[PDB]
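The listed protein sequences correspond, in order, to chains A and B.
Start counting the first sequence at 1; every next residue gets the next number (the authors' numbering).
Taken in order, the second sequence gives residues 1 to 19, 21 to 266; the numbers are from the authors' numbering.
Built from N, CA and C at the ideal position, the CB exists for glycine as well.
Written below as structure tokens is the structure these notes are about.
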Amino acid sequence: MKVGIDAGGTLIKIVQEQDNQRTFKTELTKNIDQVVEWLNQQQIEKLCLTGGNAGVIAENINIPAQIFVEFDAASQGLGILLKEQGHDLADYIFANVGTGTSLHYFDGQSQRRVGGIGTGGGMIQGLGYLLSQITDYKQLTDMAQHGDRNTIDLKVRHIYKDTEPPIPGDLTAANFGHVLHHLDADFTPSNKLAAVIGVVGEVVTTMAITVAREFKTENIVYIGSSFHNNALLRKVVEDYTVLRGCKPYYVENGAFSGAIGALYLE
Amino acid sequence: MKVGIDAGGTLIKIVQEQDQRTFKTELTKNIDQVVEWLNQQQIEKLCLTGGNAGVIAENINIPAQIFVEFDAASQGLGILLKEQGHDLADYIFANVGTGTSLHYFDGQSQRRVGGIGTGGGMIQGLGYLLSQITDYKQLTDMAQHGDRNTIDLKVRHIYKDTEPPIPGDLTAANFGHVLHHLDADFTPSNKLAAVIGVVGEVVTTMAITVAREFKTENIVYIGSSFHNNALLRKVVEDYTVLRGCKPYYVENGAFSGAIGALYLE
Ligand SMILES: Nc1ncnc2c1ncn2[C@@H]1O[C@H](COP(=O)(O)OP(=O)(O)OP(=O)(O)O)[C@@H](O)[C@H]1O
Ligand SMILES: Nc1ncnc2c1ncn2[C@@H]1O[C@H](COP(=O)(O)OP(=O)(O)O)[C@@H](O)[C@H]1O
Ligand SMILES: CC(C)(C)[C@@H](O)C(=O)NCCC(=O)NCc1ccc2c(c1)OCO2
Ligand SMILES: CC(C)(C)[C@@H](O)C(=O)NCCC(=O)NCc1ccc2c(c1)OCO2
């Protein structure tokens, strides 16, 4: 068997290949000791590593392992998954929405990193904690789907009132920009959490359409685990990608692009 | 006298000219008292811009020309840059207000090249949610000597002891260190420093991205979001220089739109 590991800041993504059967395992980066141990109990024909914690694994296992640069590995894996699922895209932006967010332009034969921003899943978790005292990711994300942003976010029509805006009125003018018009309010943990995800999705999508235009593609492929159990984030990103005339794509097992890629760079 | 007013989401910026200009600011909140002041005054020419120009116009008892904010801001900025001894053949400008709007100026005119709702309004609102402080002077002041280190995550923190493929001192995930420091103490300074951080960083990233697209090294930052907030100016200044671009701040750049309303007329 063959194993691929993308050991990120938050999640360790593991892909095992026997015959042609794939196994897709996720594990916490916090529990990296139990990944190293599992690995040490296994019969492995080939081990390929990538991600920020790849080296922690590599220095505590009993076998050699090839190590790849995660930008390369993610592009390779995502090419594999896009093909298999029927997407045949000449070019595209891809946005790896992980703990942080990295943005890449794939021109048809290779990738180039073209931007990055620190708004991603880490912010959802961290800023989510500070506003809700919720540490559990499922709990945090589920609760945010129950939320309404309208008392928190300020729209363009709120600013332009009864006059004609220079950009459409329903757009977000200012994330958290309505909070001070609603100080009579509670600000419920759900509402606050939807606004966090709101701001994270809008920033990511904004940067992505921006570089899409810069590199003259209209296809944007979103990946990373930040979308798992977060319909809200996936909605926010999708709607605004379409609103600005780009085509968004999500891919089955998108979050393992890295782990897959590492296997097929060997 | 001639009057130019940029009535924003949060602040109303007033410029009076006799001969010689006067700069004055008031809260959008208190728009009523701006209208009262316009109504008692003899004015040769009143020019309006911004989202609340309409609210002004329909409550004043005199006529008023209304100009579009992006054109006016561009025009006033050009004027202010020149008066302050700059000759930039082109530039990005980043109007950082309640929300942020980004423009490319090619030497003759401006195009909007994007925008983002991370801006002064988010500082105020998210900073209220993290701290319960509503007074702006106070909010921005608490932030100034905060420490972001237990809150933000650097690339070096993800990459541990191996060589990262981008510089390790870079922020990797805003608020991304929070869960590794659950052992109390998120203080209001550190939290507010982190809000400013994320807003400075998002704004600048957008700015330098459009600066590359449009092939200019010059980025001019305006808006009242920089008032009483050295840390926002620092965060933005440093990341811009990091990315190869030249940052510029402009004395009274918050009044760009007000000034421009007067000289499009
Ligand atoms: N079970 C989970 N526990 C914690 N976070 C989760 C979970 N499932 C999804 N997430 C989300 O996924 C995000 C991380 O996604 P991902 O696996 O792409 O990042 P990473 O590769 O660990 O980080 P990076 O590659 O930026 O170092 C988390 O911050 C969180 O928002
Ligand atoms: N005295 C103040 N009161 C409230 N907000 C202020 C003040 N001074 C600066 N600000 C900041 O500036 C922002 C407004 O920027 P501005 O350029 O005036 O935008 P707008 O045109 O939308 O009013 C506020 O969101 C706040 O962050
Ligand atoms: C694992 C990665 C680090 C590749 C991933 O999480 C990522 O790309 N994160 C975002 C990193 C980034 O590009 N940040 C942008 C940034 C923007 C502004 C900054 C800054 C950093 O440092 C200080 O000012
Ligand atoms: C006064 C203005 C509205 C001109 C100024 O505050 C501004 O330009 N704000 C930002 C508007 C913007 O470009 N927003 C970006 C945005 C990004 C994502 C969005 C979205 C809007 O609506 C829903 O998803």
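For B/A54, go through chain A and note every residue whose CB falls closer than 7 Å to its CB, in chain order. In the second sequence, the residue the question calls residue 54 of chain B occupies position 53. Close partners of B/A54 in chain A (Cβ separation under 7 Å): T163.
Counted within 10 angstroms of its Cβ, other Cβ atoms place B/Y160 as buried (16 or more) or exposed: Locating residue 160 of chain B in the second sequence gives position 159, counting from the first residue. Flag for B/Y160 reads buried.
What whole-angstrom Cβ distance do B/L193 and B/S132 have, given they're in contact under 8 Å? Here residue 193 of chain B refers to the residue found at position 192 when the second sequence is read from its first residue. Here residue 132 of chain B refers to the residue found at position 131 when the second sequence is read from its first residue. B/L193 to B/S132, Cβ: 6 Å. Contact.
Assigned secondary structure, A/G147 (DSSP; H/G/I helix, E/B strand, else coil): Translated into positions along the first sequence, residue 147 of chain A becomes position 147. Coil, per DSSP.
Rank A/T172, A/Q139 and A/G126 by C-alpha distance to the C-alpha of B/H182 and give the top, closest one. Sequence index remark: in the second sequence, residue 182 of chain B carries index 181 (1-based). Of the listed residues, the one whose Cα sits closest to B/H182 is A/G126.
Comparing C-alpha positions only, which one of A/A262, A/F68, A/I44 and A/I124 sits nearest to B/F176? On the second sequence, position 175 is the one that residue 176 of chain B refers to. Here the closest residue by C-alpha is A/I124.
Same chain only: Cβ atoms within 8 Å of A/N191, ignoring 5 sequence neighbours per side: Position 191 of the first sequence, counted from the start, is the residue given in the question as residue 191 of chain A. So the qualifying residues of the chain are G147, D148, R149, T151 and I152.
What is the rounded straight-line gap between the Cα of A/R157 and the Cα of A/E164? Within the first sequence, numbered from 1, the residue matching residue 157 of chain A stands at position 157. Within the first sequence, numbered from 1, the residue matching residue 164 of chain A stands at position 164. Taking C-alpha positions only, A/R157 is separated from A/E164 by approximately 8 Å.
CA-to-CA distance, B/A95 to B/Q111, given in whole angstroms: As a first step, residue 111 of chain B must be located in the second sequence, where it is residue number 110. As a first step, residue 95 of chain B must be located in the second sequence, where it is residue number 94. Going from the Cα of B/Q111 to the Cα of B/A95 covers about 12 Å.
Cα-Cα, which of A/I32, A/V15, A/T26 and A/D88 is closest to A/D107? Within the first sequence, the letter at position 107 stands for residue 107 of chain A. Nearest to A/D107 by alpha-carbon distance, out of A/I32, A/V15, A/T26 and A/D88, is A/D88.
With a threshold of 9 Å between beta-carbons, can B/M143 be considered close to chain A, or not? Working through the second sequence from its first residue, we reach residue 143 of chain B at position 142. No, no contact with chain A.
Comparing C-alpha positions only, which one of B/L130, B/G128, B/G98 and B/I93 sits nearest to B/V114? Looking up residue 114 of chain B in the second sequence gives position 113. Selected option, being the one with the closest Cα: B/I93.
Could you say which of A/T23, A/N60 and A/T26 lies nearest to A/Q41 if we only look at CA atoms? Indexing the first sequence from 1 puts residue 41 of chain A at position 41. Across the set A/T23, A/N60 and A/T26, the C-alpha of A/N60 shows the shortest separation from the C-alpha of A/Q41.
Taking CB distances under 9 Å as the criterion, tell me whether B/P166 reaches chain A. Along the second sequence, read from residue 1 onward, the residue named residue 166 of chain B stands at position 165. Taking Cβ atoms only, chain A reaches closer than 9 Å to B/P166, which makes this a yes.
Rounded straight-line distance, which links the Cα of A/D239 to that of B/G77: On the second sequence, residue 77 of chain B is found 76 positions in, with the first residue counted as 1. On the first sequence, residue 239 of chain A is found 239 positions in, with the first residue counted as 1. B/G77 and A/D239: Cα-Cα distance of roughly 35 Å.
Opening and closing residue of the alpha helix (DSSP H) in which residue 20 of chain B lies: Structure remark: chain B lacks residues between 19 and 21, so residue 20 of chain B is without coordinates.
Which residue's Cα is closest to the Cα of B/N62: B/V35, B/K25, B/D72 and B/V69? By one-based count along the second sequence, residue 62 of chain B stands at place 61. Closest by alpha carbon: B/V35.
Under a CB-based cut-off of 9 Å, is B/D153 close to chain A? As a first step, residue 153 of chain B must be located in the second sequence, where it is residue number 152. Nearest CB-CB separation between B/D153 and chain A: below the 9 Å threshold.
Got a sec: is the Cβ-Cβ distance from B/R22 to anything in chain A below 9 Å? For this step, residue 22 of chain B is matched to residue 21 along the second sequence. Not flagged as an interface residue toward chain A: B/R22, since no C-beta distance is shorter than 9 Å.
With a threshold of 9 Å between beta carbons, is B/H158 in contact with chain A? Translated into the one-based positions of the second sequence, residue 158 of chain B becomes position 157. Yes - at least one Cβ of chain A is within 9 Å of the one on B/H158.
Inter-residue spacing [alpha-carbon to alpha-carbon] between B/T10 and A/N219: Stepping through the second sequence from its first residue, residue 10 of chain B is reached at position 10. Stepping through the first sequence from its first residue, residue 219 of chain A is reached at position 219. Roughly 37 Å separates the two Cα atoms.
Under 9 Å, do B/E266 and B/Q85 count as touching if we go by C-beta distance? As a position in the second sequence, residue 266 of chain B is number 265, starting the count at 1. As a position in the second sequence, residue 85 of chain B is number 84, starting the count at 1. With respect to the 9 Å criterion, B/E266 and B/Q85 are not classified as neighbours on the basis of their beta carbons.
Quick one: using the 10 Å Cβ neighbour count with 16 as the cut-off for buried, is A/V242 buried or exposed? Here the question's residue 242 of chain A lines up with position 242 in the first sequence. So A/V242 ends up on the exposed side.
Can you find a C-beta in chain B that's less than 9 Å from the C-beta of A/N62? Residue 62 of chain A sits at position 62 when you count from the first residue of the first sequence. For A/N62, the closest Cβ of chain B is not nearer than 9 Å.
Where B/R234 falls: helix, strand or coil (DSSP): Start at 1 with the first residue of the second sequence, and residue 234 of chain B comes out as number 233. Here B/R234 sits in helix by DSSP.
Please go through the same chain and pick out, in chain order, the residues whose beta-carbon is closer than 7 Å to the beta-carbon of A/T172, but skip the five residues on each side of it. Here residue 172 of chain A refers to the residue found at position 172 of the first sequence. Cβ neighbours of A/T172 within its own chain (closer than 7 Å, five residues either side excluded): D153, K155 and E202.
Going by beta carbon distance, what residues of the same chain come within less than 6 Å of B/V221, once the five residues before and after it are set aside? Sequence index remark: in the second sequence, residue 221 of chain B carries index 220 (1-based). Contacts found: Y92, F94 and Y249.
8 Å Cβ cut-off: residues of chain A touching B/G118: Residue numbering aside, residue 118 of chain B sits at position 117 when the second sequence is read from its first letter. Near B/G118 (Cβ distances below 8 Å), the residues of chain A are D153, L154, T172, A173, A174, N175, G177, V199 and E202.
Give the residues of chain A in contact with B/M123, contact being defined as C-beta atoms less than 8 Å apart. In the second sequence, the residue the question calls residue 123 of chain B occupies position 122. Near B/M123 (Cβ distances below 8 Å), the residues of chain A are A174, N175, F176, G177 and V199.
Cβ of A/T135 less than 9 Å from any chain B Cβ? Position 135 of the first sequence, counting from 1, holds the residue named residue 135 of chain A. With 9 Å as the cut-off, A/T135 counts as an interface residue toward chain B.
My guess is that B/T141 and B/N229 are in contact by the Cβ rule of under 8 Å, so how many angstroms apart are they, rounded? The residue given as residue 141 of chain B occupies position 140 in the second sequence. The residue given as residue 229 of chain B occupies position 228 in the second sequence. The pair is a contact, with the Cβ atoms about 5 Å apart (cut-off 8 Å).
Proximal residues of chain B, C-beta to C-beta of A/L127 below 7 Å: As a working mapping, residue 127 of chain A is identified with position 127 in the first sequence. Per Cβ cutoff of 7 Å: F176.
Listing by chain order, which chain B residues have their CB less than 9 Å from the CB of A/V69? As a first step, residue 69 of chain A is located in the first sequence; it is residue number 69 there, counting from the start. Here the neighbours are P166.
Which whole-angstrom value is the C-beta distance of A/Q145 and A/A212, which I expect to be below 8 Å? As a first step, residue 145 of chain A must be located in the first sequence, where it is residue number 145. As a first step, residue 212 of chain A must be located in the first sequence, where it is residue number 212. That belief does not hold up - the Cβ atoms of A/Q145 and A/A212 are roughly 28 Å apart, past 8 Å.
Comparing the C-beta of B/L11 with each C-beta of chain A, is any distance below 9 Å? Locating residue 11 of chain B in the second sequence gives position 11, where the first residue counts as 1. Chain A contact via Cβ: absent.
Can you check DSSP and say which residues form a bridge with B/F94? Along the second sequence, read from residue 1 onward, the residue named residue 94 of chain B stands at position 93. According to DSSP, B/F94 bridges with B/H104 and B/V221.
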